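Shown next as structure tokens: one chain only, the form solved without the partner chain.
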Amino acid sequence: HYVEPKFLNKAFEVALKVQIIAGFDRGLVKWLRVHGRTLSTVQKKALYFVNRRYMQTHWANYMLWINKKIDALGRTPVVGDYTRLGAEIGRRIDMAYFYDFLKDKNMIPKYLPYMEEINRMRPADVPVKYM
């Protein structure tokens, strides 16, 4: 019955989300430098929202890897460790295939107010679920 609960200290979570959103956003900026001309402003905003929602829905799976590396430090972690790991995820996960699919299948989401609210959030405040 007992299973170790999943959670992370707020500072660590903030470091991870800031770096992950920054990396996904960098990848989207490059992708847009290639493909941006044909897209409307609201479609590009929708793609930024897609970055944040993407982090949200894959969060726990990423937490498996993050927890493995943290344990592999052999010591109590500090915020800098999560900053580095989050930047590694943001860099190493290439979202270009995903943008390509959304554009080529014309599935870029219609831009709605809740997407705008998520986009206006500080990356630190984007909610995530561990369990």
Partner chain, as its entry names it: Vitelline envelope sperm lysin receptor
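The term rigid core refers to the maximal set of C-alpha atoms that superpose within 1.5 Å between the two forms. Numbering follows the first chain given and starts at 1.
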Between 25-33 and 68-76, which one strays more from this form in 8 other deposited structures of this protein if you match the rigid core and compare Cα atoms?
-> 68-76
98-106 set against 84-92, stretch whose average Cα temperature factor tops the other in the entry = 98-106
With reference to the PDB entry, specify whether the mean Cα temperature factor is higher for 41-49 or for 26-34.
-> 41-49
Just say lowest, middle or highest third for the CA B-factor of residue 121 relative to the other modelled residues in its chain.
-> highest
Ranked C-alpha temperature factor of residue 21 among modelled chain residues, by third | lowest
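Separately, the form deposited with the partner chain bound exists; it is not shown, and the next lines address it.
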Please state whether every one of the three residues 54, 61 and 129 places a non-hydrogen atom within 4.5 angstroms of the partner chain in the bound PDB entry.
-> yes
Close approach of residue 28 to the partner chain in the bound PDB entry, 4.5 Å, heavy atom = no
Any of the heavy atoms of residue 50 lying within 4.5 Å of the partner chain in the bound PDB entry?
-> yes
Applying a 4.5 Å heavy atom distance criterion, does residue 102 contact the partner chain in the bound PDB entry?
-> yes
Could you confirm whether residue 93 comes within 4.5 Å of the partner chain in the bound PDB entry, counting heavy atoms only?
-> yes
